[PDB]
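Coming up is one lone chain in structure tokens, specifically the form deposited without the named molecule.
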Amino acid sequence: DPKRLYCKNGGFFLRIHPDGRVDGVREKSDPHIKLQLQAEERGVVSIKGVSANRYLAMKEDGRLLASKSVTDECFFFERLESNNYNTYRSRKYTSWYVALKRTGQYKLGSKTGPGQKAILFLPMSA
């Protein structure tokens, strides 16, 4: 049930912190990398951190954080790329995608685009 969003950019898993911060880690021992993908519409899912109790949301500036309340920015389009990876685009911002930097830090949505490596996620079972 719990899925770990493995990014093909550096090899980091999306880690949601209970404080609201989101980053990427390589260790599979971290219990904050266990996320649950709730579906709202066909192709639209919401990423919620199991051991965080917060939902992934993107701000109108490009920042990525975890909200405690479900907002319109907590919904992302679940798309399958031709490389067998999952691309997540915000429903509020159809021009911004979710991405993780090779440095382990999250990537600004305002700096995302098709063709990048940081935008390629793989939901691995936990």
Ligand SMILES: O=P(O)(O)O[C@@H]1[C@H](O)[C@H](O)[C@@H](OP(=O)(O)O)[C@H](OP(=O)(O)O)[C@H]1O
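Each residue number is its position in the shown sequence, starting from 1.
Beyond what is shown, the protein has a form solved in complex with the named molecule; the following relates to that form.
In the deposited complex, the named molecule stays beyond 4.5 Å of every heavy atom belonging to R79. Remark: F13 does not count among the residues lining the named molecule in the deposited complex, judged by a heavy atom distance of 4.5 Å or less. Taking the partner from the other structure, the named molecule in the deposited complex has a heavy atom within 4.5 Å of a heavy atom of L65. In the deposited complex, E60 approaches the named molecule with a heavy atom inside 4.5 Å.
Residue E73 is the sole member of 70 to 98 found to place a heavy atom within 4.5 Å of the named molecule in the deposited complex.
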